[PDB]
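Okay, structure first, notes after.
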Amino acid sequence: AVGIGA
Amino acid sequence: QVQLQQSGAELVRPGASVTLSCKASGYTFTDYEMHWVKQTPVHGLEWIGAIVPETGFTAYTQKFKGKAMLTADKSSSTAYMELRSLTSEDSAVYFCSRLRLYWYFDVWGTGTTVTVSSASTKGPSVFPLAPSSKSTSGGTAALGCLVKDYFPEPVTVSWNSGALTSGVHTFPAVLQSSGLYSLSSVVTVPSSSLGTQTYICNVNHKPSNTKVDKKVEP
Amino acid sequence: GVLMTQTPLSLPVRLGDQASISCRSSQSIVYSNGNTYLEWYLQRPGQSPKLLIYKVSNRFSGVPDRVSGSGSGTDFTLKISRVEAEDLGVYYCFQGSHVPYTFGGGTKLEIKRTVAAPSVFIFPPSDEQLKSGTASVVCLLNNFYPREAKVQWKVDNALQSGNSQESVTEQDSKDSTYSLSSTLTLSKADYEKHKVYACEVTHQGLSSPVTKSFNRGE
């Protein structure tokens, strides 16, 4: 995944 | 070694709360996000949400807002998920997983079973399934343990403190008419060795804090 | 959010044959750069999910080259050019481009193999359980294929109904067989009311039914 912090 | 160590099985009454923990080991806790995933037979895998430990930022799928709340403790490198005002649909197995930004879910936690029920816990009785002439086949012997009358699920079963894994069949538990679960764990071993080897089944029922060892003999 | 539709729900495959699993997304799952965070995960029962494929087509470390992924537009496919015994489990596509992240519904892979007859064992109740006033007799069927098997309990030649429970293991990951445990439970009073305890086993790999029995009191 990209990640929720991007 | 990288490790994500999750807390053990829970029995929680309806409308109550429970906090699940996931402790990171062997890497810097703040360098990865922590994600939580719900698993049920009826809905498979569901993404719950995630937290950035370094900043405390969180995100959730809409249906888990107000049901799950994620926190992280940098001082102990442990992520937490609190589940609130539980119903029977919250019975599931919950996993944690780490994520480096732009990477993937490469390491997963052991998983935590949660059973929402108003019934009281009960530890199992453990009975030997003794090998005999009626459990030999082809120079081989079967033996095992009957783990009976416990609530809720699950029990973990190991043999000889984990030294014995080959040839083990631990069956899915059945639900008896009493409302208590029953399970069998069996192993196939050489017949010639029965007088020289020792076979002990280790039964652990976390919700009742029960641990029983049974030595199985002919 | 993004709906991931997986097909088929269950995929029975012969050993050595080819398997293909399709995943479709309701909307584009291209991230703003032109990279697509489409992932595939496998879960065997009792175990954590395991990463297989990331970014549509890249193999995670240690994944065999017979597993491959591909996709264009909103259609994605996981392919196994030669199914082996350890590939059994539930496969999930996963969308990691747009929050909230989403899984597909899962595809259960089930392996087909040659017929294998059960090994049958019987265990009398332990003295420990008999002191509690109940007697459980256990009939075990080890490593058979296919899954369909018949256990009939006979007490002094009278066929039993209504006093037994059974459960079947998940498919074995190395020899693709199943095992079954059946438990006959009576009151200690009824148990000491009869002499011969037998389970009769019918299965495609046996030319005729197999009976395992014992006389109470040897």
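Labels for the structure tokens follow display order: chains A, B, ..., residues from 1 in each chain, ligands from 1.
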
Within 8 Å of residue 3 of chain A using only C-alpha atoms, minus same-chain residues under 4 positions, as a list in words: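 Non-adjacent residues within range: residues 33, 99, 100, 101 and 102 of chain B; 96 of chain C.
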
Residue 51 of chain B environment, 9 Å, only C-alpha atoms, sequence neighbours closer than 5 positions dropped, as a PyMOL selection string: (chain A and resi 4-5) or (chain B and resi 33-36+56-59+70-72+79)

Selection near residue 152 of chain C, 7 Å with only C-alpha atoms, sequence-local residues under 4 positions removed, as JSON, numbers by chain: {"C": [159, 199, 200, 201]}

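Here atom CA of residue 54 of chain C is placed at a distance of 12.5 Å from atom CA of residue 42 of chain C.
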
Test item: residues at most 10 Å from residue 211 of chain C, only C-alpha atoms, excluding those fewer than 2 positions along its chain, as an MDAnalysis selection string: chainID C and resid 120:122 151:154 198:202 208:209 213

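Counting only C-alpha atoms, segment 9-15 of chain B has the following residues at most 7 Å away, ignoring those fewer than 6 positions along the same chain: residues 85, 86, 87, 112, 113, 114, 115, 116, 117, 118, 206 and 207 of chain B.
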
Residues from the last selection, N, CA and C atoms, saved as a JSON list (two decimals), in the first residue's frame:
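Written file, part-v3.json:
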```json
[["chain", "number", "residue", "atom", "x", "y", "z"],
["B", 85, "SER", "N", -18.20, -0.94, 22.80],
["B", 85, "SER", "CA", -19.63, -1.30, 22.79],
["B", 85, "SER", "C", -19.88, -2.49, 21.86],
["B", 86, "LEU", "N", -19.30, -3.61, 22.29],
["B", 86, "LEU", "CA", -19.22, -4.78, 21.45],
["B", 86, "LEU", "C", -20.58, -5.44, 21.26],
["B", 87, "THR", "N", -20.81, -5.93, 20.05],
["B", 87, "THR", "CA", -21.94, -6.80, 19.72],
["B", 87, "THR", "C", -21.39, -8.13, 19.19],
["B", 112, "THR", "N", -5.43, -12.20, 17.10],
["B", 112, "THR", "CA", -6.12, -12.22, 18.39],
["B", 112, "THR", "C", -7.58, -12.58, 18.16],
["B", 113, "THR", "N", -8.03, -13.64, 18.82],
["B", 113, "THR", "CA", -9.43, -14.06, 18.75],
["B", 113, "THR", "C", -10.24, -13.37, 19.84],
["B", 114, "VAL", "N", -11.35, -12.74, 19.44],
["B", 114, "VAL", "CA", -12.27, -12.08, 20.36],
["B", 114, "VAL", "C", -13.64, -12.73, 20.25],
["B", 115, "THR", "N", -14.18, -13.18, 21.38],
["B", 115, "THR", "CA", -15.52, -13.73, 21.45],
["B", 115, "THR", "C", -16.36, -12.85, 22.36],
["B", 116, "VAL", "N", -17.36, -12.20, 21.78],
["B", 116, "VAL", "CA", -18.33, -11.39, 22.52],
["B", 116, "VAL", "C", -19.45, -12.31, 22.99],
["B", 117, "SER", "N", -19.58, -12.47, 24.30],
["B", 117, "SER", "CA", -20.61, -13.34, 24.86],
["B", 117, "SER", "C", -20.91, -12.95, 26.30],
["B", 118, "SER", "N", -22.17, -13.13, 26.71],
["B", 118, "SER", "CA", -22.53, -12.89, 28.11],
["B", 118, "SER", "C", -22.26, -14.08, 29.02],
["B", 206, "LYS", "N", -6.47, -19.64, 27.13],
["B", 206, "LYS", "CA", -6.20, -18.29, 27.62],
["B", 206, "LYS", "C", -7.39, -17.65, 28.33],
["B", 207, "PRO", "N", -8.62, -17.68, 27.79],
["B", 207, "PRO", "CA", -9.72, -16.94, 28.46],
["B", 207, "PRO", "C", -9.97, -17.36, 29.90]]
```

Hey, what's within 12 Å of segment 78-83 of chain C if we count only C-alpha atoms and toss same-chain stuff fewer than 6 positions away? As a compact mmCIF listing (two decimals) with N, CA, C and O atoms, in the first residue's frame, please?
```
# COMPACT_ATOMS: atom_id res chain seq x y z
N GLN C 6 -13.80 -10.42 -6.60
CA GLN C 6 -12.94 -11.55 -6.90
C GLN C 6 -13.76 -12.70 -7.46
O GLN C 6 -14.91 -12.91 -7.08
N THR C 7 -13.15 -13.45 -8.38
CA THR C 7 -13.82 -14.60 -8.96
C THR C 7 -12.78 -15.63 -9.33
O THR C 7 -11.68 -15.26 -9.77
N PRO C 8 -13.06 -16.93 -9.15
CA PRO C 8 -14.28 -17.46 -8.52
C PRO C 8 -14.19 -17.45 -7.00
O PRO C 8 -13.15 -17.06 -6.46
N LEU C 11 -12.05 -22.50 -6.10
CA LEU C 11 -11.38 -23.00 -7.29
C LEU C 11 -10.82 -24.39 -7.01
O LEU C 11 -9.74 -24.52 -6.40
N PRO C 12 -11.52 -25.45 -7.42
CA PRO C 12 -10.95 -26.80 -7.30
C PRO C 12 -10.00 -27.06 -8.46
O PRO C 12 -10.36 -26.86 -9.62
N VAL C 13 -8.79 -27.51 -8.14
CA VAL C 13 -7.75 -27.71 -9.14
C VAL C 13 -7.06 -29.04 -8.88
O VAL C 13 -6.81 -29.41 -7.73
N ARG C 14 -6.72 -29.75 -9.96
CA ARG C 14 -5.90 -30.94 -9.86
C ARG C 14 -4.45 -30.55 -9.61
O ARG C 14 -3.97 -29.53 -10.10
N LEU C 15 -3.74 -31.42 -8.88
CA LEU C 15 -2.31 -31.22 -8.68
C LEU C 15 -1.61 -31.21 -10.04
O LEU C 15 -1.86 -32.06 -10.89
N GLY C 16 -0.73 -30.23 -10.23
CA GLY C 16 0.00 -30.07 -11.47
C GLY C 16 -0.71 -29.24 -12.53
O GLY C 16 -0.09 -28.90 -13.54
N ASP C 17 -1.99 -28.92 -12.33
CA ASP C 17 -2.72 -28.12 -13.30
C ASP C 17 -2.50 -26.64 -13.04
O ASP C 17 -1.76 -26.23 -12.14
N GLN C 18 -3.15 -25.81 -13.85
CA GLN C 18 -2.98 -24.36 -13.84
C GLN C 18 -4.16 -23.70 -13.14
O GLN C 18 -5.30 -24.15 -13.27
N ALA C 19 -3.88 -22.64 -12.37
CA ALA C 19 -4.92 -21.89 -11.66
C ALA C 19 -4.84 -20.40 -12.00
O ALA C 19 -3.75 -19.83 -12.11
N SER C 20 -6.01 -19.78 -12.14
CA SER C 20 -6.13 -18.37 -12.47
C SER C 20 -7.23 -17.75 -11.61
O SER C 20 -8.35 -18.25 -11.59
N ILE C 21 -6.90 -16.66 -10.92
CA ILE C 21 -7.84 -15.94 -10.05
C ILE C 21 -7.94 -14.50 -10.54
O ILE C 21 -6.92 -13.83 -10.73
N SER C 22 -9.17 -14.03 -10.72
CA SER C 22 -9.44 -12.71 -11.27
C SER C 22 -9.88 -11.73 -10.18
O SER C 22 -10.67 -12.08 -9.30
N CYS C 23 -9.38 -10.51 -10.27
CA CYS C 23 -9.80 -9.44 -9.38
C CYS C 23 -10.14 -8.20 -10.20
O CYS C 23 -9.36 -7.79 -11.06
N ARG C 24 -11.29 -7.60 -9.91
CA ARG C 24 -11.76 -6.41 -10.60
C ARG C 24 -12.04 -5.32 -9.58
O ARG C 24 -12.59 -5.59 -8.50
N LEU C 38 -1.69 -2.79 -6.34
CA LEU C 38 -2.51 -4.00 -6.33
C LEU C 38 -1.67 -5.13 -5.74
O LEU C 38 -0.56 -5.40 -6.23
N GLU C 39 -2.18 -5.77 -4.68
CA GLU C 39 -1.44 -6.80 -3.97
C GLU C 39 -2.27 -8.07 -3.86
O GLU C 39 -3.50 -8.03 -3.90
N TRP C 40 -1.58 -9.20 -3.72
CA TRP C 40 -2.22 -10.49 -3.50
C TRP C 40 -1.71 -11.11 -2.21
O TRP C 40 -0.50 -11.11 -1.94
N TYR C 41 -2.63 -11.66 -1.42
CA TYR C 41 -2.33 -12.28 -0.14
C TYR C 41 -2.95 -13.67 -0.09
O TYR C 41 -3.99 -13.92 -0.71
N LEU C 42 -2.28 -14.58 0.60
CA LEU C 42 -2.74 -15.94 0.83
C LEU C 42 -2.91 -16.20 2.32
O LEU C 42 -2.04 -15.84 3.12
N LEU C 52 2.07 -12.24 -1.35
CA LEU C 52 2.55 -12.93 -2.54
C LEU C 52 3.05 -11.97 -3.61
O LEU C 52 4.20 -12.06 -4.05
N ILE C 53 2.20 -11.04 -4.04
CA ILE C 53 2.47 -10.16 -5.16
C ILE C 53 2.25 -8.72 -4.72
O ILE C 53 1.31 -8.43 -3.97
N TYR C 54 3.10 -7.81 -5.19
CA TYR C 54 2.89 -6.39 -4.97
C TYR C 54 3.04 -5.64 -6.28
O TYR C 54 3.79 -6.05 -7.17
N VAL C 56 0.91 -5.21 -8.75
CA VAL C 56 0.33 -5.96 -9.86
C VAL C 56 1.14 -7.21 -10.19
O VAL C 56 0.59 -8.32 -10.23
N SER C 57 2.45 -7.07 -10.45
CA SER C 57 3.18 -8.18 -11.05
C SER C 57 4.46 -8.61 -10.34
O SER C 57 5.10 -9.57 -10.79
N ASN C 58 4.88 -7.94 -9.27
CA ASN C 58 6.16 -8.23 -8.64
C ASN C 58 6.02 -9.28 -7.54
O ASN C 58 5.12 -9.19 -6.70
N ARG C 59 6.91 -10.26 -7.56
CA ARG C 59 6.89 -11.33 -6.57
C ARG C 59 7.57 -10.89 -5.28
O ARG C 59 8.67 -10.33 -5.30
N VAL C 63 8.74 -16.08 -3.13
CA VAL C 63 7.56 -16.62 -3.81
C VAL C 63 8.01 -17.30 -5.10
O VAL C 63 8.81 -16.72 -5.85
N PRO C 64 7.57 -18.53 -5.37
CA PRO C 64 8.05 -19.25 -6.57
C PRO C 64 7.63 -18.59 -7.87
O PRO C 64 6.56 -17.98 -7.98
N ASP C 65 8.46 -18.78 -8.89
CA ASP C 65 8.23 -18.15 -10.19
C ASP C 65 6.99 -18.69 -10.90
O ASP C 65 6.52 -18.04 -11.84
N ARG C 66 6.45 -19.83 -10.47
CA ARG C 66 5.19 -20.31 -11.05
C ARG C 66 4.01 -19.44 -10.65
O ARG C 66 2.96 -19.50 -11.30
N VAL C 67 4.14 -18.63 -9.60
CA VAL C 67 3.12 -17.66 -9.24
C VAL C 67 3.44 -16.35 -9.93
O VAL C 67 4.56 -15.83 -9.82
N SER C 68 2.45 -15.78 -10.62
CA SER C 68 2.67 -14.51 -11.28
C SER C 68 1.39 -13.70 -11.26
O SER C 68 0.28 -14.25 -11.13
N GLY C 69 1.55 -12.39 -11.38
CA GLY C 69 0.41 -11.49 -11.43
C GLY C 69 0.50 -10.57 -12.63
O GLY C 69 1.58 -10.28 -13.15
N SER C 70 -0.67 -10.11 -13.07
CA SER C 70 -0.75 -9.21 -14.21
C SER C 70 -2.05 -8.43 -14.09
O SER C 70 -2.93 -8.76 -13.30
N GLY C 71 -2.16 -7.38 -14.90
CA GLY C 71 -3.36 -6.57 -14.89
C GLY C 71 -3.28 -5.34 -15.77
O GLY C 71 -2.21 -4.75 -15.93
N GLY C 89 -5.31 -22.66 0.13
CA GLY C 89 -5.62 -21.59 1.05
C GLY C 89 -6.58 -20.62 0.39
O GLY C 89 -7.10 -20.89 -0.69
N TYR C 91 -6.99 -16.98 -1.25
CA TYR C 91 -6.27 -15.89 -1.89
C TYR C 91 -7.13 -14.63 -1.90
O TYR C 91 -8.33 -14.68 -2.18
N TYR C 92 -6.49 -13.50 -1.61
CA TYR C 92 -7.17 -12.21 -1.57
C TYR C 92 -6.40 -11.22 -2.42
O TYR C 92 -5.18 -11.06 -2.24
N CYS C 93 -7.08 -10.55 -3.34
CA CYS C 93 -6.49 -9.34 -3.88
C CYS C 93 -6.69 -8.19 -2.89
O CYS C 93 -7.59 -8.21 -2.04
N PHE C 94 -5.83 -7.19 -3.00
CA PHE C 94 -5.88 -6.07 -2.07
C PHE C 94 -5.55 -4.79 -2.82
O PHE C 94 -4.60 -4.75 -3.61
N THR C 107 -10.75 -16.11 -2.62
CA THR C 107 -10.90 -17.29 -3.46
C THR C 107 -10.29 -18.48 -2.74
O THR C 107 -9.08 -18.49 -2.48
N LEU C 109 -8.75 -21.90 -2.77
CA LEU C 109 -8.16 -22.90 -3.65
C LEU C 109 -8.21 -24.25 -2.97
O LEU C 109 -7.74 -24.41 -1.84
N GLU C 110 -8.74 -25.25 -3.67
CA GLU C 110 -8.88 -26.60 -3.16
C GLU C 110 -8.22 -27.57 -4.13
O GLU C 110 -8.45 -27.50 -5.34
N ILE C 111 -7.40 -28.47 -3.60
CA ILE C 111 -6.54 -29.32 -4.42
C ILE C 111 -7.19 -30.68 -4.61
O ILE C 111 -7.76 -31.26 -3.67
N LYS C 112 -7.13 -31.19 -5.84
CA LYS C 112 -7.61 -32.52 -6.19
C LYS C 112 -6.43 -33.47 -6.34
O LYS C 112 -5.39 -33.10 -6.90
N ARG C 113 -6.59 -34.69 -5.85
CA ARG C 113 -5.54 -35.69 -5.90
C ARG C 113 -6.18 -37.06 -6.08
O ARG C 113 -7.41 -37.19 -6.14
N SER C 173 -1.63 -29.61 3.83
CA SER C 173 -0.84 -28.82 2.90
C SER C 173 0.32 -29.59 2.26
O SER C 173 0.95 -29.06 1.34
N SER C 176 -2.32 -33.32 0.70
CA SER C 176 -3.64 -32.96 0.17
C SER C 176 -4.76 -33.88 0.66
O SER C 176 -5.79 -34.00 0.00
```
